[PDB]
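**Q** final_22.cif is reproduced below (mmCIF, C-alpha atoms).
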```
data_input
loop_
_atom_site.label_atom_id
_atom_site.label_comp_id
_atom_site.auth_asym_id
_atom_site.auth_seq_id
_atom_site.Cartn_x
_atom_site.Cartn_y
_atom_site.Cartn_z
CA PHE A 12 -17.00 -16.87 -0.94
CA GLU A 13 -19.02 -15.47 -3.85
CA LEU A 14 -16.04 -15.38 -6.23
CA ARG A 15 -13.47 -18.04 -5.31
CA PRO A 16 -11.09 -16.95 -8.10
CA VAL A 17 -10.52 -13.69 -6.21
CA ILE A 18 -8.66 -15.65 -3.55
CA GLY A 19 -6.12 -16.99 -6.03
CA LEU A 20 -5.82 -13.66 -7.84
CA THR A 21 -5.03 -11.82 -4.61
CA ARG A 22 -2.51 -14.29 -3.23
CA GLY A 23 0.79 -12.53 -2.59
CA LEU A 24 -0.83 -9.14 -2.04
CA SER A 25 -0.41 -7.13 1.17
CA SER A 26 -3.55 -6.19 3.11
CA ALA A 27 -2.89 -2.68 1.78
CA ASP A 28 -3.26 -3.64 -1.88
CA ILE A 29 -6.34 -5.69 -1.00
CA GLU A 30 -7.85 -2.67 0.77
CA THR A 31 -7.20 -0.61 -2.38
CA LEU A 32 -9.08 -3.18 -4.48
CA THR A 33 -11.90 -3.34 -1.92
CA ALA A 34 -12.35 0.45 -1.74
CA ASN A 35 -12.37 0.58 -5.57
CA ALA A 36 -15.11 -2.08 -5.64
CA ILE A 37 -17.27 -0.26 -3.10
CA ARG A 38 -16.96 2.97 -5.07
CA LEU A 39 -17.92 1.13 -8.28
CA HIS A 40 -20.96 -0.45 -6.63
CA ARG A 41 -22.36 2.98 -5.71
CA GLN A 42 -21.87 4.16 -9.29
CA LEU A 43 -23.59 1.09 -10.77
CA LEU A 44 -26.47 1.41 -8.31
CA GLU A 45 -27.05 5.05 -9.17
CA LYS A 46 -26.75 4.35 -12.90
CA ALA A 47 -29.48 1.71 -12.68
CA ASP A 48 -31.63 4.02 -10.55
CA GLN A 49 -31.40 6.77 -13.19
CA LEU A 50 -32.51 4.30 -15.87
CA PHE A 51 -35.42 3.14 -13.72
CA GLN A 52 -36.66 6.73 -13.36
CA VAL A 53 -37.44 7.15 -17.05
CA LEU A 54 -38.88 3.69 -17.64
CA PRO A 55 -42.40 3.59 -19.12
CA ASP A 56 -45.31 3.38 -16.69
CA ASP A 57 -46.49 -0.06 -17.85
CA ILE A 58 -43.07 -1.39 -16.92
CA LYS A 59 -42.95 0.36 -13.54
CA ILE A 60 -46.41 -0.94 -12.63
CA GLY A 61 -45.42 -4.44 -13.69
CA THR A 62 -48.05 -4.93 -16.39
CA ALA A 63 -45.56 -4.94 -19.26
CA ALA A 64 -42.12 -6.52 -19.61
CA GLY A 65 -39.69 -6.44 -22.50
CA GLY A 66 -38.59 -3.84 -24.99
CA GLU A 67 -35.19 -2.28 -25.62
CA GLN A 68 -35.40 0.28 -22.80
CA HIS A 69 -36.48 -2.35 -20.28
CA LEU A 70 -33.64 -4.66 -21.39
CA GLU A 71 -31.05 -1.90 -20.99
CA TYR A 72 -32.27 -1.39 -17.42
CA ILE A 73 -32.14 -5.12 -16.71
CA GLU A 74 -28.59 -5.26 -18.03
CA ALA A 75 -27.70 -2.39 -15.68
CA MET A 76 -29.13 -4.27 -12.68
CA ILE A 77 -27.44 -7.52 -13.74
CA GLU A 78 -24.09 -5.74 -13.95
CA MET A 79 -24.74 -4.21 -10.51
CA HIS A 80 -25.63 -7.57 -8.92
CA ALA A 81 -22.67 -9.34 -10.52
CA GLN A 82 -20.24 -6.71 -9.28
CA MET A 83 -21.65 -6.98 -5.72
CA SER A 84 -20.26 -10.52 -5.49
CA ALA A 85 -16.82 -8.98 -6.04
CA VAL A 86 -17.50 -6.47 -3.25
CA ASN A 87 -18.62 -9.14 -0.77
CA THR A 88 -15.68 -11.37 -1.68
CA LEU A 89 -13.09 -8.60 -1.27
CA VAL A 90 -14.62 -7.32 1.98
CA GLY A 91 -14.61 -10.93 3.16
CA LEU A 92 -10.86 -11.20 2.50
CA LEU A 93 -9.89 -7.79 3.87
CA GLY A 94 -11.61 -8.37 7.20
CA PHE A 95 -13.26 -4.96 7.31
CA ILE A 96 -15.15 -2.38 5.26
CA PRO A 97 -12.94 0.60 4.40
CA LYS A 98 -14.45 4.09 4.41
CA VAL A 99 -14.46 5.47 0.85
CA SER A 100 -16.42 8.73 1.21
CA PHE B 12 -28.40 -20.21 -10.67
CA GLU B 13 -25.47 -18.20 -9.33
CA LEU B 14 -26.87 -14.67 -9.74
CA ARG B 15 -30.22 -15.25 -8.05
CA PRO B 16 -31.51 -11.68 -8.51
CA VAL B 17 -31.42 -12.28 -12.28
CA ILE B 18 -34.27 -14.79 -11.91
CA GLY B 19 -36.57 -12.11 -10.53
CA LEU B 20 -35.44 -9.45 -13.01
CA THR B 21 -36.30 -11.52 -16.08
CA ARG B 22 -39.70 -12.82 -14.93
CA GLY B 23 -42.36 -12.14 -17.54
CA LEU B 24 -39.82 -11.78 -20.34
CA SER B 25 -40.21 -13.71 -23.58
CA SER B 26 -37.63 -16.33 -24.57
CA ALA B 27 -36.65 -13.96 -27.37
CA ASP B 28 -35.71 -11.15 -24.99
CA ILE B 29 -33.98 -13.60 -22.66
CA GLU B 30 -31.91 -14.92 -25.56
CA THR B 31 -31.03 -11.34 -26.44
CA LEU B 32 -29.73 -10.81 -22.89
CA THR B 33 -27.81 -14.11 -23.08
CA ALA B 34 -26.15 -13.30 -26.42
CA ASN B 35 -25.12 -9.86 -25.21
CA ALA B 36 -23.72 -11.51 -22.07
CA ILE B 37 -21.73 -14.01 -24.14
CA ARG B 38 -20.24 -11.27 -26.32
CA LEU B 39 -19.35 -9.26 -23.22
CA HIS B 40 -17.62 -12.27 -21.65
CA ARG B 41 -15.49 -12.69 -24.77
CA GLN B 42 -14.49 -9.02 -24.76
CA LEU B 43 -13.62 -9.20 -21.05
CA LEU B 44 -11.43 -12.28 -21.65
CA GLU B 45 -9.62 -10.62 -24.54
CA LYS B 46 -9.12 -7.48 -22.44
CA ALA B 47 -7.63 -9.49 -19.57
CA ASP B 48 -5.35 -11.25 -22.09
CA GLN B 49 -3.96 -7.99 -23.47
CA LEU B 50 -3.21 -6.69 -19.97
CA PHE B 51 -1.47 -9.90 -18.92
CA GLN B 52 0.99 -9.97 -21.82
CA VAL B 53 2.47 -6.60 -20.89
CA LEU B 54 2.87 -7.53 -17.21
CA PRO B 55 6.47 -7.83 -15.95
CA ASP B 56 8.05 -11.30 -15.77
CA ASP B 57 8.55 -10.97 -12.02
CA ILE B 58 4.76 -10.72 -11.74
CA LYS B 59 3.82 -13.31 -14.37
CA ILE B 60 6.07 -15.83 -12.62
CA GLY B 61 5.08 -14.93 -9.08
CA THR B 62 8.38 -13.57 -7.77
CA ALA B 63 6.58 -10.23 -7.50
CA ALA B 64 2.99 -9.17 -6.80
CA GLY B 65 1.68 -5.63 -6.55
CA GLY B 66 1.81 -2.27 -8.27
CA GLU B 67 -0.73 -0.29 -10.28
CA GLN B 68 -0.35 -2.46 -13.38
CA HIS B 69 -0.78 -5.72 -11.49
CA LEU B 70 -3.84 -4.45 -9.61
CA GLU B 71 -5.33 -3.30 -12.91
CA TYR B 72 -4.92 -6.82 -14.33
CA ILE B 73 -6.44 -8.33 -11.21
CA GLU B 74 -9.46 -6.04 -11.53
CA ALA B 75 -9.96 -7.02 -15.19
CA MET B 76 -9.94 -10.70 -14.13
CA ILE B 77 -12.27 -10.15 -11.17
CA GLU B 78 -14.68 -8.36 -13.51
CA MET B 79 -14.39 -11.26 -16.01
CA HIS B 80 -15.19 -13.89 -13.38
CA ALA B 81 -18.04 -11.85 -11.87
CA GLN B 82 -19.65 -11.35 -15.27
CA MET B 83 -19.47 -15.12 -15.97
CA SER B 84 -21.96 -15.68 -13.16
CA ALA B 85 -24.36 -13.56 -15.21
CA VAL B 86 -23.73 -15.55 -18.40
CA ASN B 87 -24.20 -18.86 -16.61
CA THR B 88 -27.41 -17.71 -14.92
CA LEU B 89 -28.91 -16.37 -18.16
CA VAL B 90 -27.99 -19.51 -20.13
CA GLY B 91 -29.82 -21.51 -17.48
CA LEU B 92 -32.87 -19.26 -17.81
CA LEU B 93 -32.81 -19.47 -21.61
CA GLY B 94 -32.59 -23.25 -21.77
CA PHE B 95 -29.62 -23.47 -24.14
CA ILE B 96 -26.38 -21.83 -25.28
CA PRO B 97 -27.24 -19.47 -28.16
CA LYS B 98 -25.10 -18.86 -31.25
CA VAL B 99 -23.27 -15.53 -31.26
CA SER B 100 -20.18 -14.57 -33.28
#
```
Can the structure in the file be given as structure tokens, please?
**A**
Amino acid sequence: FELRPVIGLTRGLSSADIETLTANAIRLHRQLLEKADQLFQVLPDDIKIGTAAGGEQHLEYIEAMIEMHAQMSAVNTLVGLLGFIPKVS
Amino acid sequence: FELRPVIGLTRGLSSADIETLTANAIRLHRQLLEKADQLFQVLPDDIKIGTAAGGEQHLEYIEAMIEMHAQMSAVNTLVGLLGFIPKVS
């Protein structure tokens, strides 16, 4: 789906190893989401209100959200292959 | 673009900041490729060939590759927002 290469990379793996990869991805997504949220909390007011854009702090936050969004494609792809969403916590 | 959320996240940014994000992305991609290369070399022959698939070392390599591919969607999306491939290293 989102990341076709995953299909080829996971060929030859048992559903068990794929579930391991999927659970790992779900755990990572929560970490990336909370990391971006923490960064958002201390962003300057002009940026939070949407009147100002740019600056090193704002870019660091954007990079955190980009990383989070990119990694989600891995989560959706793995869940898609596994056939279910494992419980990780 | 592949990573659609990136389009919303960069709105209002100057081409200079966008290029900064793109260059960082390109450097990251290169580091992720190198990383995946290093891991692959040390993988057993049974795995490299395909006569064997699984294990903690193989899954680790697969995760490095999945991360590499996922991050490329960021690079491609940013390049498209910038309007050109910037020089890096």
**Q** Could you tell me which of B:54, B:88, B:82, B:22 comes closest to residue B:69 if we count only C-alpha atoms?
**A**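 Answer, going by the shortest atom-to-atom distance: B:54.
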**Q** So that I can check the surroundings of stretch 71-79 of chain A, please list as an MDAnalysis selection string every protein, DNA and RNA residue that reaches within 9 Å of it, counting all atoms listed in the file and ignoring chain neighbours fewer than 5 positions away.
**A** (chainID A and resid 39:44 46:48 50:51 54 66) or (chainID B and resid 14 16:17 20:21 32 36 81:82 85)
**Q** Mind giving me the straight-line distance from atom CA of residue A:35 to atom CA of residue A:99 in Å, one decimal?
**A** 8.3 Å
**Q** Can you list, as a PDB file with C-alpha atoms, keeping the file's coordinate frame, every protein, DNA or RNA residue that comes within 9 Å of residue B:30 when you count only C-alpha atoms, leaving out same-chain residues fewer than 3 positions away?
**A**
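Contents of around.pdb, as written:
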```
ATOM      1  CA  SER B  25     -40.210 -13.710 -23.580  1.00  0.00           C
ATOM      2  CA  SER B  26     -37.630 -16.330 -24.570  1.00  0.00           C
ATOM      3  CA  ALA B  27     -36.650 -13.960 -27.370  1.00  0.00           C
ATOM      4  CA  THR B  33     -27.810 -14.110 -23.080  1.00  0.00           C
ATOM      5  CA  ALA B  34     -26.150 -13.300 -26.420  1.00  0.00           C
ATOM      6  CA  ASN B  35     -25.120  -9.860 -25.210  1.00  0.00           C
ATOM      7  CA  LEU B  89     -28.910 -16.370 -18.160  1.00  0.00           C
ATOM      8  CA  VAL B  90     -27.990 -19.510 -20.130  1.00  0.00           C
ATOM      9  CA  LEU B  92     -32.870 -19.260 -17.810  1.00  0.00           C
ATOM     10  CA  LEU B  93     -32.810 -19.470 -21.610  1.00  0.00           C
ATOM     11  CA  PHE B  95     -29.620 -23.470 -24.140  1.00  0.00           C
ATOM     12  CA  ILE B  96     -26.380 -21.830 -25.280  1.00  0.00           C
ATOM     13  CA  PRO B  97     -27.240 -19.470 -28.160  1.00  0.00           C
TER      14      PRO B  97
END
```
**Q** Any chance you could work out the residue set of the PyMOL selection byres ((chain A) within 6 of (chain B)) here, as a PDB file with C-alpha atoms, keeping the file's coordinate frame?
**A**
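Output below, filename part37.pdb:
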```pdb
ATOM      1  CA  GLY A  23       0.790 -12.530  -2.590  1.00  0.00           C
ATOM      2  CA  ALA A  64     -42.120  -6.520 -19.610  1.00  0.00           C
ATOM      3  CA  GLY A  65     -39.690  -6.440 -22.500  1.00  0.00           C
ATOM      4  CA  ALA A  81     -22.670  -9.340 -10.520  1.00  0.00           C
TER       5      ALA A  81
END
```
**Q** If you measure from atom CA of residue B:55 to atom CA of residue A:37, what distance in Å do you get, rounded to one decimal?
**A**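 Here the two named atoms are 28.0 Å from each other.
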**Q** Mind giving me the axis-aligned box for stretch 15-34 of chain B with 4 Å on every side, centre plus edges in Å to one decimal, as AutoDock Vina command-line options?
**A**
```
--center_x -34.3 --center_y -12.9 --center_z -17.7 --size_x 24.2 --size_y 14.9 --size_z 27.3
```
**Q** What is the distance between atom CA of residue A:60 and atom CA of residue A:45, in Å to one decimal?
**A**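 Those two atoms sit 20.6 Å apart.
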**Q** Please, can stretch 64-96 of chain A be completed to N, CA and C atoms and returned as an mmCIF file, in the frame of the given file?
**A**
```cif
data_model
loop_
_atom_site.group_PDB
_atom_site.id
_atom_site.type_symbol
_atom_site.label_atom_id
_atom_site.label_comp_id
_atom_site.auth_asym_id
_atom_site.auth_seq_id
_atom_site.Cartn_x
_atom_site.Cartn_y
_atom_site.Cartn_z
ATOM 1 N N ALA A 64 -43.520 -6.148 -19.743
ATOM 2 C CA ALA A 64 -42.120 -6.520 -19.610
ATOM 3 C C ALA A 64 -41.557 -6.679 -21.012
ATOM 4 N N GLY A 65 -40.294 -6.326 -21.191
ATOM 5 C CA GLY A 65 -39.690 -6.440 -22.500
ATOM 6 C C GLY A 65 -39.513 -5.091 -23.154
ATOM 7 N N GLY A 66 -38.838 -5.081 -24.296
ATOM 8 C CA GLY A 66 -38.590 -3.840 -24.990
ATOM 9 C C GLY A 66 -37.144 -3.456 -24.773
ATOM 10 N N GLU A 67 -36.587 -2.686 -25.697
ATOM 11 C CA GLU A 67 -35.190 -2.280 -25.620
ATOM 12 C C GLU A 67 -34.818 -1.464 -24.377
ATOM 13 N N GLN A 68 -35.686 -0.544 -23.967
ATOM 14 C CA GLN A 68 -35.400 0.280 -22.800
ATOM 15 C C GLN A 68 -35.400 -0.581 -21.536
ATOM 16 N N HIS A 69 -36.374 -1.475 -21.437
ATOM 17 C CA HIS A 69 -36.480 -2.350 -20.280
ATOM 18 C C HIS A 69 -35.281 -3.298 -20.197
ATOM 19 N N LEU A 70 -34.794 -3.757 -21.351
ATOM 20 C CA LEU A 70 -33.640 -4.660 -21.390
ATOM 21 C C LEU A 70 -32.368 -3.940 -20.953
ATOM 22 N N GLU A 71 -32.224 -2.682 -21.358
ATOM 23 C CA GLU A 71 -31.050 -1.900 -20.990
ATOM 24 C C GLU A 71 -30.999 -1.723 -19.473
ATOM 25 N N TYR A 72 -32.168 -1.551 -18.867
ATOM 26 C CA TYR A 72 -32.270 -1.390 -17.420
ATOM 27 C C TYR A 72 -31.878 -2.691 -16.733
ATOM 28 N N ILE A 73 -32.406 -3.793 -17.252
ATOM 29 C CA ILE A 73 -32.140 -5.120 -16.710
ATOM 30 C C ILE A 73 -30.639 -5.397 -16.787
ATOM 31 N N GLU A 74 -30.020 -5.035 -17.903
ATOM 32 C CA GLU A 74 -28.590 -5.260 -18.030
ATOM 33 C C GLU A 74 -27.825 -4.423 -17.011
ATOM 34 N N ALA A 75 -28.361 -3.254 -16.656
ATOM 35 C CA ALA A 75 -27.700 -2.390 -15.680
ATOM 36 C C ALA A 75 -27.790 -3.028 -14.295
ATOM 37 N N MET A 76 -28.945 -3.611 -13.972
ATOM 38 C CA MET A 76 -29.130 -4.270 -12.680
ATOM 39 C C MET A 76 -28.304 -5.558 -12.602
ATOM 40 N N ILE A 77 -28.220 -6.283 -13.714
ATOM 41 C CA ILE A 77 -27.440 -7.520 -13.740
ATOM 42 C C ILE A 77 -25.975 -7.177 -13.473
ATOM 43 N N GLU A 78 -25.475 -6.154 -14.154
ATOM 44 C CA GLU A 78 -24.090 -5.740 -13.950
ATOM 45 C C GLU A 78 -23.869 -5.370 -12.479
ATOM 46 N N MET A 79 -24.823 -4.644 -11.907
ATOM 47 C CA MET A 79 -24.740 -4.210 -10.510
ATOM 48 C C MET A 79 -24.706 -5.415 -9.561
ATOM 49 N N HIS A 80 -25.600 -6.379 -9.770
ATOM 50 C CA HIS A 80 -25.630 -7.570 -8.920
ATOM 51 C C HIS A 80 -24.355 -8.400 -9.062
ATOM 52 N N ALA A 81 -23.878 -8.553 -10.291
ATOM 53 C CA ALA A 81 -22.670 -9.340 -10.520
ATOM 54 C C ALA A 81 -21.481 -8.720 -9.804
ATOM 55 N N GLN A 82 -21.360 -7.403 -9.902
ATOM 56 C CA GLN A 82 -20.240 -6.710 -9.280
ATOM 57 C C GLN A 82 -20.305 -6.764 -7.748
ATOM 58 N N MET A 83 -21.507 -6.903 -7.181
ATOM 59 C CA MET A 83 -21.650 -6.980 -5.720
ATOM 60 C C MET A 83 -20.934 -8.215 -5.186
ATOM 61 N N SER A 84 -20.928 -9.300 -5.957
ATOM 62 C CA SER A 84 -20.260 -10.520 -5.490
ATOM 63 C C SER A 84 -18.772 -10.232 -5.309
ATOM 64 N N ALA A 85 -18.228 -9.350 -6.143
ATOM 65 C CA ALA A 85 -16.820 -8.980 -6.040
ATOM 66 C C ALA A 85 -16.606 -8.164 -4.761
ATOM 67 N N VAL A 86 -17.567 -7.292 -4.452
ATOM 68 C CA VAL A 86 -17.500 -6.470 -3.250
ATOM 69 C C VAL A 86 -17.534 -7.353 -1.998
ATOM 70 N N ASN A 87 -18.504 -8.258 -1.928
ATOM 71 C CA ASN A 87 -18.620 -9.140 -0.770
ATOM 72 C C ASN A 87 -17.409 -10.048 -0.625
ATOM 73 N N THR A 88 -16.858 -10.504 -1.746
ATOM 74 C CA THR A 88 -15.680 -11.370 -1.680
ATOM 75 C C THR A 88 -14.475 -10.591 -1.156
ATOM 76 N N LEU A 89 -14.226 -9.408 -1.711
ATOM 77 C CA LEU A 89 -13.090 -8.600 -1.270
ATOM 78 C C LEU A 89 -13.239 -8.192 0.199
ATOM 79 N N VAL A 90 -14.413 -7.698 0.585
ATOM 80 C CA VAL A 90 -14.620 -7.320 1.980
ATOM 81 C C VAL A 90 -14.350 -8.543 2.849
ATOM 82 N N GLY A 91 -14.829 -9.703 2.407
ATOM 83 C CA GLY A 91 -14.610 -10.930 3.160
ATOM 84 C C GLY A 91 -13.131 -11.225 3.402
ATOM 85 N N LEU A 92 -12.296 -10.954 2.404
ATOM 86 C CA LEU A 92 -10.860 -11.200 2.500
ATOM 87 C C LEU A 92 -10.125 -10.133 3.310
ATOM 88 N N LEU A 93 -10.542 -8.879 3.161
ATOM 89 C CA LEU A 93 -9.890 -7.790 3.870
ATOM 90 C C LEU A 93 -10.122 -7.847 5.373
ATOM 91 N N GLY A 94 -11.311 -8.277 5.779
ATOM 92 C CA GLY A 94 -11.610 -8.370 7.200
ATOM 93 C C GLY A 94 -12.343 -7.166 7.744
ATOM 94 N N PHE A 95 -12.539 -6.160 6.902
ATOM 95 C CA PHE A 95 -13.260 -4.960 7.310
ATOM 96 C C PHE A 95 -13.714 -4.168 6.092
ATOM 97 N N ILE A 96 -14.613 -3.218 6.323
ATOM 98 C CA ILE A 96 -15.150 -2.380 5.260
ATOM 99 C C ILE A 96 -14.473 -1.023 5.338
#
```
